[PDB]
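Enquirer: Quick one: this structure, given as structure tokens, is what I'll be asking you about.
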Amino acid sequence: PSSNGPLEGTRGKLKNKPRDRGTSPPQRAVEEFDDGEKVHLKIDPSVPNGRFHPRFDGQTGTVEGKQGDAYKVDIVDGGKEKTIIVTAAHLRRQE
Amino acid sequence: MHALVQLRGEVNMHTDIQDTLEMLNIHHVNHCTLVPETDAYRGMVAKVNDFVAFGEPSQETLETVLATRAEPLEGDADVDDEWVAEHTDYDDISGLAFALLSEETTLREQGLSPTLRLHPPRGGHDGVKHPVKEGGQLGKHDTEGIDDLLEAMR
Amino acid sequence: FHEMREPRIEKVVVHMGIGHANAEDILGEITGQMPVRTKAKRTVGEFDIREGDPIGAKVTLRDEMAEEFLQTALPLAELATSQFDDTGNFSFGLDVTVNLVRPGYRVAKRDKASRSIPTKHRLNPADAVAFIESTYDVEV
Amino acid sequence: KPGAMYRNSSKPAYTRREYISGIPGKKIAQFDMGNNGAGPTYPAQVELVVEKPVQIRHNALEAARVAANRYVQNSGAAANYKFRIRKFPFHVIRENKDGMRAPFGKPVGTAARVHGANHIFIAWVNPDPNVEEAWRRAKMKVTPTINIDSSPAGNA
Amino acid sequence: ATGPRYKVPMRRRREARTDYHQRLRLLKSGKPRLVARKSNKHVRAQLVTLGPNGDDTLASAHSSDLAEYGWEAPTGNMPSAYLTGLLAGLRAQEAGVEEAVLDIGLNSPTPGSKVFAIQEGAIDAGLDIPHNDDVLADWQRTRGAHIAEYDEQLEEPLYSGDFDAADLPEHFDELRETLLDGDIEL
RNA sequence: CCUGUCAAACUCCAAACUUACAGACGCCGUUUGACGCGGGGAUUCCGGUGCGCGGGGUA
RNA sequence: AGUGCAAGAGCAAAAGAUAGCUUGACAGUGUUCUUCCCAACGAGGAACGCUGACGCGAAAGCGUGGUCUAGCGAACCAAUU
RNA sequence: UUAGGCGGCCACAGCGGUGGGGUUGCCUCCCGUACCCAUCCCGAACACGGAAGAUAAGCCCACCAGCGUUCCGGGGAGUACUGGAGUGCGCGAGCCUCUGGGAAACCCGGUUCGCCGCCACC
Ligand SMILES: [Cl-]
Ligand SMILES: [Cl-]
Ligand SMILES: [Mg+2]
Ligand SMILES: [Mg+2]
Ligand SMILES: [Mg+2]
Ligand SMILES: [Mg+2]
Ligand SMILES: [Mg+2]
Ligand SMILES: [Mg+2]
Ligand SMILES: [Mg+2]
Ligand SMILES: [Mg+2]
Ligand code: NA
Ligand code: NA
Ligand code: NA
Ligand code: NA
Ligand code: NA
Ligand code: NA
């Protein structure tokens with residue numbers, strides 16, 4: 001890469017298809033998850049806050065407590081355990 | 001239920017392909033195993049498709065091979081009718097073979113090694129550089145096709 | 001059907017597009033209510049580079065305040081036709097614009113469940129000429 | 001310089017003029033020849049079909065076209081036929097003209113990428129195939145082997 | 001509309017009915033919402049909660065079913081609003097609801113407005129709602145005094161037939177009084 | 001309206017495929033202790049080739 | 001369109017414009033990610049909390065500077081609270 | 001739901017167009033400014049108070065496919081591309097066979113002129 005900022009190579013993954021453009025429905029930003037639940041991590045291009053490092057887009061971790069309204073999801077990067085601070089706006093229930 | 005026979009060695013073959021063969025209990029060339037026809041098993045044989053020979057064998061053939069190259073989970077003991085009857089649910093090899101073919105049991109379940117270590121093919125096989133449809137010996141075979149190979153390796 | 005389809009005057013905007021005022025005074029008397037400043041957009045050569053800047057005033061009159069005004073404005077105008085809107089409006093003159101429309105217009109001007117007025121329920125140049133011409137004067 | 005330096009399609013497509021400057025003008029004079037006033041209302045239609053994907057420098061296009069149309073004057077300067085070269089040299093080409101250090105070349109020309117089987121030339125004629133000859137001379141000045149194909153014309 | 005790339009707003013935005021940016025800030029509290037809505041002739045007050053396939057109304061009150069308790073006056077006024085709020089607030093309590101936040105939808109936060117009257121009503125019913133007292137009307141206006149006085153400048157009844165000629169903010173008290181004990185559907 | 005062409009830094013589309021988690025089979029581990037945790041000792045940080053996919057370059 | 005500045009991305013009852021008001025560009029202390037995929041490593045950065053004090057708002061709430069990714073500096077020594 | 005309020009999904013719902021609907025009851029337009037409140041100017045809007053009138057807007061109901069969108073049949077196409085294999089072919093570029101996957105454009109014919117949840121209501 002020519003640079004090493006968090007958004008390097010994110011043109012795709014952080015852009016919306018023209019039709020999904022614009023403010024997103026609030027229903028999913030308010031969704032409540034319980035500790036132990038499996039949640040898929042995917043940034044909503046339309047939602048600025050509550051984001052996580054683009055490199056984790058696609059991960060499926062485990063909700064384990066929250067911090068403020070934000071949730072603390074545990075994931076495993078390669079072979080390393082990591083905790084991710086992320087809002088409902090960027091999470092989805094697995095299954 | 002298909003009869004799997006590794007016809008190409010390990011050198012240079014993809015690792016993820018080698019592990020598969022190993023998951024199917026085959027760890028040497030000419031080693032043969034019996035595999036149920038399931039979605040899960042089907043994917044595996046397809047991945048291993050280019051280094052093996054597989055097909056559904058006839059009752060007879062299976063019996064010939066079982067009698068000739070089956071082995072206990074441990075030891076030399078010959079797997080003959082008597083063995084089969086005094087050690088398995090069935091009364092004789094034929095009974096076992098039928099059960100395998102109809103996929104009602106497996107070589108392990110009956111205290112037998114999952115592997116039928118066959119002999120090199122008497123007369124030589126068709127080649128390991130081309131599939132069956134091309135005159136080779138690789139890929140899926142005819143029941144008559146598999147039988148010939150198996151029988152030649154009896 | 002009618003009664004709720006027959007035209008009516010909704011606001012008459014009298015504005016003096018000056019280029020930098022003392023003019024409000026006359027607008028206040030000519031109409032009867034305070035004028036509003038007219039800021040301008042963009043920087044331009046007519047030494048009009050100032051974005052926020054008084055450059056004229058206007059006055060939006062409604063109801064009687066609008067009639068009582070047109071009851072002298074119109075007479076000072078002759079024109080008609082071509083000089084009419086595609087929505088049944090017309091400006092003449094110091095400018096004096098007359099916005100015309102039918103009874104259910106608030107549907108498009110309110111906050112909640114607002115909506116645009118359907119083309120059919122719009123006012124045509126023709127249907128406009130009729131209404132006004134039918135009020136102390138002549139068309140073309 | 002030789003076609004050998006640019007006739008293969010092994011490089012990435014390089015055509016974004018928004019990121020490339022100093023591209024030489026094309027030598028191709030025209031793409032529509034003959035009676036361009038008329039539309040393909042002809043009995044016969046022959047095409048010159050390239051038999052291998054290749055890159056054709058605007059150089060070769062101009063020489064190939066000229067040699068074909070310049071010949072189609074076996075029918076006259078205002079003859080009854082229409083000639084069309086359907087490909088345009090979009091692909092910008094470079095040359096590293098220091099040795100291999102900082103070698104990204106500088107624009108030196110353009111070329112059109114033709115895939116085997118496409119027709120590069122299409123002519124329209126009345127039963128008077130002098131065009132078939134105009135093309136034996138055309139594919140003579142382009143890299144690939146070519147196929148001279150006739151479409152509307154069961155008048156053999 | 002125009003093309004594949006065109007962006008059509010959400011149905012409730014097209015209908016110009018729901019303000020989604022406010023909605024989200026509202027849903028932040030995690031509390032039920034006290035939906036305060038109006039009509040030319042009526043005033044509605046609901047206590048909505050969040051659901052899997054959409055909102056759930058656990059308790060509501062409409063200025064119309066106010067007469068069902070002895071209302072013989074118009075229903076598009078201040079006293080009407082408050083009472084409708086108090087009525088819904090009470091049914092709310094019955095339903096086991098203890099707190100909520102005021103959602104005035106697309107209406108304006110004008111002091112002494114009917115929505116706030118709705119909010120004062122619900123609060124007095126026992127519901128705990130985040131509010132600000134000096135944005136509310138001064139009780140008398142809630143009672144409907146402003147209208148009685150307006151009829152004082154009579155010469156012609158403010159009410160076409162209806163009830164009374166000089167109107168009754170007293171009729172208001174009698175009703176609030178009624179709603180504060182026993183009675184069906186509360 | 002008709003007609004002729006394109007895109008590594010275009011996309012109304014869109015694979016094969018790669019990849020997170022889960023279940024299933026398989027294989028593996030519970031005297032051959034896997035997975036994992038803690039510590040001791042390194043070597044190593046000139047690489048090369050084939051094949052696939054490449055970017056540069058006439059090569 | 002606009003949003004200070006590359007490029008790519010976000011944004012319309014707004015993240016833009018106007019008006020008004022305000023100083024959260026606040027003090028303290030953390031959690032996590034990043035810097036350094038995996039996989040150890042400092043300064044720096046960011047996200048998300050809490051404690052305290054404030055601004056605005058009817059309120060939910062928003063404000064841990066500017067929509068996001070650049071604008072940064074160790075020990076020793078000085079000056080400063 | 002003989003017209004309502006809050007929503008979920010966020011065009012299958014958009015764009016455009018036709019027909020129908022209010023006798024007491026609902027939504028509106030509508031009428032009107034003493035009040036709360038309001039327009040850098042206007043009761044236009046916002047806010048408040050109210051029924052003389054209307055179903056013409058809106059809205060609700062029924063329907064139309066011309067455009068945009070979603071999904072489906074048949075054709076394009078098992079084409080393009082592709083994961084695995086080959087002492088198959090080709091000067092080479094590149095191609096082919098076996099195996100496991102498999103598209104886009106476009107044409108023709110259907111579908112789509114929203115679905116669903118909670119509450120209230122001759
Ligand atoms: Cl993160
Ligand atoms: Cl409302
Ligand atoms: Mg043994
Ligand atoms: Mg021999
Ligand atoms: Mg051989
Ligand atoms: Mg990849
Ligand atoms: Mg910010
Ligand atoms: Mg020093
Ligand atoms: Mg100092
Ligand atoms: Mg009608
Ligand atoms: Na969105
Ligand atoms: Na040099
Ligand atoms: Na040639
Ligand atoms: Na750090
Ligand atoms: Na001013
Ligand atoms: Na109507």
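Starting from 1 in every chain, residues are counted up; chains themselves are A, B, ... following the order of the structure tokens, and ligands are numbered from 1 as listed.
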Write out as a VMD selection string each polymer residue whose atoms come within 12 Å of residue 42 of chain G, counting only C-alpha atoms (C1' of nucleotides); drop sequence neighbours fewer than 2 positions from it.

Expert: chain G and resid 35 to 36 44 73 to 74

Enquirer: As a list in words, please: all residues of segment 39-181 of chain E that backbone DSSP puts in strand (DSSP E).

Expert: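 Listing strand (DSSP E) positions across segment 39-181 of chain E yields residues 43, 44, 45, 46, 47, 48, 49, 56, 57, 58, 59, 60, 61, 62, 101, 102 and 103 of chain E.
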
Enquirer: Write a file of the selected residues as a CSV table (one decimal), in the first residue's frame, keeping C-alpha atoms.

Expert:
```csv
chain,number,residue,atom,x,y,z
E,43,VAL,CA,-56.4,15.0,19.7
E,44,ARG,CA,-54.8,11.6,20.1
E,45,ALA,CA,-52.3,10.3,22.8
E,46,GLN,CA,-50.6,6.9,22.6
E,47,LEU,CA,-47.9,5.1,24.6
E,48,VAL,CA,-45.8,3.2,22.0
E,49,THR,CA,-43.1,0.7,22.5
E,56,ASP,CA,-46.7,-1.6,19.8
E,57,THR,CA,-49.3,0.6,21.3
E,58,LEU,CA,-49.8,-0.5,24.9
E,59,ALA,CA,-52.2,2.4,25.9
E,60,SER,CA,-54.0,5.1,24.0
E,61,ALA,CA,-56.7,7.9,24.4
E,62,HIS,CA,-58.6,9.8,21.8
E,101,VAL,CA,-40.6,10.4,26.6
E,102,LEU,CA,-42.6,13.0,24.6
E,103,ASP,CA,-42.8,12.5,20.9
```

Enquirer: Please provide as a VMD selection string all residues within 12 Å of residue 80 of chain A, with the sequence filter that same-chain residues fewer than 6 positions apart are discarded (counting only C-alpha atoms (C1' of nucleotides)).

Expert: (chain A and resid 74) or (chain G and resid 37 to 39)

Enquirer: Atom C1' of residue 16 of chain H and atom CA of residue 105 of chain C are how many Å apart?

Expert: 21.3 Å

Enquirer: Using DSSP on the backbone coordinates, identify the residues of segment 13-50 of chain E assigned to helix (DSSP H, G or I); present them as a list in words.

Expert: residues 13, 14, 20, 21, 22, 23, 24, 25, 26, 27 and 28 of chain E
